[PDB]
Structure formats: structure tokens, C-alpha cells
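> Just dropping this structure here.
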Amino acid sequence: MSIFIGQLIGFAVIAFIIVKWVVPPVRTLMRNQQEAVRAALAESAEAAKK
Amino acid sequence: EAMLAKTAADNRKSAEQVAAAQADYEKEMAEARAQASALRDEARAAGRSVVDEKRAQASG
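Chains as they are written, first to last, in full-length UniProt numbering: chain B, 1 to 50; chain Y, 61 to 120.
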């Protein structure tokens, strides 16, 4: 019970730290890769058009 | 990766294709100029021959 509540608070703190600091950069890297592939496909389409 | 390589190859091939289409344009321009110059040259040469033989006939 009490140890369960303490562990739950610890997990909440861990999740808050992750979402606050590590989630933004991983999301940014994901978006960067998405934009890179989008640009590659757009450039392929532009090369076909040319 | 194949699409990336094909896009690069397409860019290079289209660049050289526009270059070669232009080069063909000047090449056929020069070709037409050469044939026009020929036509004129052989026409005037035949005229020279005809006028020379007419001069010979007149002299005789």
C-alpha cells in the first residue's frame, strides 16, 4: 500500500521528467527524419517533373 | 537508396539532355547554313560554267 503509493509517485516523477526533457528531443529527431524523407520524395518528384 | 541514386542520375541525365538538345539545335543550325552555302556555291559555279561556255560560243 504505502510502498505502492511511493512507487506510483516515483513513476509519475519519472514520466514527468521524460516528457519534459527527453520527449522533446526524440520528437524533434523523429520530425527531422520525416522532413528529410519528405524532402527526398519531393526532390524525386521534382526530378521527374524536370 | 535506389530512388535517391535514380534521382541523382536523373538530374545529371536531364542536365546533359538539355545541354545535348541545345547542342543539337546549334548543330542543325550549322548544318542548314552549310547546305545553304553549298547550294549557293554549286549554283554560282554552274552559272560560271554556263557564262564561260557562252563566252566561248560568242567568241567562236
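Backbone N, C-alpha and C define an ideal beta-carbon position, used for all residues, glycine too.
Determine the contact status of residue 67 of chain Y and residue 15 of chain B, defining contact as a CB-CB distance below 8 Å.
By one-based count along the second sequence, residue 67 of chain Y stands at place 7. By one-based count along the first sequence, residue 15 of chain B stands at place 15. No. Outside cutoff.
> Tell me whether residue 120 of chain Y sits in a helix, a strand or coil according to DSSP, three-state version.
In the second sequence, residue 120 of chain Y corresponds to position 60, counting from 1. In the three-state scheme derived from DSSP, where H, G and I count as helix and E and B as strand, residue 120 of chain Y is classed as coil.
> From what residue to what residue does the alpha helix (DSSP H) around residue 14 of chain B run?
As a first step, residue 14 of chain B is located in the first sequence; it is residue number 14 there, counting from the start. Unbroken alpha helix (DSSP H) run through residue 14 of chain B: 2 to 17.
> Would you say residue 55 of chain B reaches chain Y, if we count a Cβ-Cβ gap shorter than 8 Å as a contact?
Lying before the first or after the last residue shown, residue 55 of chain B is absent from chain B, which here runs from 1 to 50.
> Are the beta-carbon atoms of residue 74 of chain Y and residue 50 of chain B separated by less than 8 Å?
Within the second sequence, residue 74 of chain Y is the residue found at index 14, counting from 1. Within the first sequence, residue 50 of chain B is the residue found at index 50, counting from 1. In contact: residue 74 of chain Y and residue 50 of chain B (Cβ atoms closer than 8 Å).
> Find the residues of chain Y that neighbour residue 97 of chain B, judging by a C-beta separation of less than 9 Å, and give them in chain order.
Examination of residue 97 of chain B is not possible in this model, given that chain B is present from 1 through 50 alone.
> For residue 70 of chain Y, which residues in chain B fall below 9 Å Cβ to Cβ?
In the second sequence, counting from the first residue as 1, residue 70 of chain Y sits at position 10. The answer, in chain order, is 44, 47, 48, 50.
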